[PDB]
Every structure is written in C-alpha cells, then in structure tokens.
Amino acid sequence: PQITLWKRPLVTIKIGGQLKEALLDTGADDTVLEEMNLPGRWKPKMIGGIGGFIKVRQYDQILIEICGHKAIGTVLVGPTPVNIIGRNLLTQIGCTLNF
C-alpha cells in the first residue's frame, strides 16, 4: 500500500492479542502505546516530546503486526494521547517516505 497524508496515517495493529489503531509516525524514534496490559517484565523509562516528558514502561522484543506485516521490537507503554508506531518498527516492515 501507498499512503497519502491527507488523513491521519492510522493502521490497525494486533499486540498482546488485542487490536488497536496506531499512528504511523516517521517523527518518532520508538513506539509509544497508551496504557495497556503487556505481558512480561518491564523497565521504567522517560521519554520527551512536545510539552515535556512522560514516564513509560519499556517492554523489549514485543511482537506487533502492523497492517499484516509482522515485527518484533521495543514497545513503550505510558500516557501518550495516541498510539504511535516509531521508526524502530517502521524500518522492519520496509515503510518509506516518498515525495
């Protein structure tokens, strides 16, 4: 699929047996998901964005199927206003920008 940017680049993702909508975000280095029950242990981490910082739970080697394409990587869970798929996962499914 080729995606235009006239609307929010939202895809349906499946993570931890749950279905969600996430924003394909080329400006995000890592993936940050709203509060959700992720399996396993975690590590506290702090990440910064517009308006300040948030505390997140870092889960490593998490499976995540973005638009039918499978990827495993680090997922951060915390008080983000939107689920964002970052470059750590976009690279694994071959997503590219074109203009």
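Counting begins at 1, following the sequence as shown. The term rigid core refers to the maximal set of C-alpha atoms that superpose within 1.5 Å between the two forms.
Student: Name the stretch that deviates more in 7 other deposited structures of this protein: 33-41, or 70-78? Use RMS CA distance to the shown form, core superposed.
Tutor: After the core superposition, the stretch with higher RMS deviation in 7 other deposited structures of this protein is 33-41.
Student: Can you tell me whether 74-82 has a higher mean C-alpha B factor than 6-14 in this record, or the other way round?
Tutor: The entry gives the higher C-alpha B-factor average to 74-82.
Student: Output the stretch having the higher mean C-alpha B factor in the entry; the candidates are 19-27 and 87-95.
Tutor: The deposited B-factors put 87-95 ahead on the C-alpha mean.
Student: By the entry's C-alpha temperature factors, tell me which of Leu38, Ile50, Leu63, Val32 sits highest.
Tutor: Among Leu38, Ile50, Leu63, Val32, the highest C-alpha B-factor in the entry belongs to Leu38.
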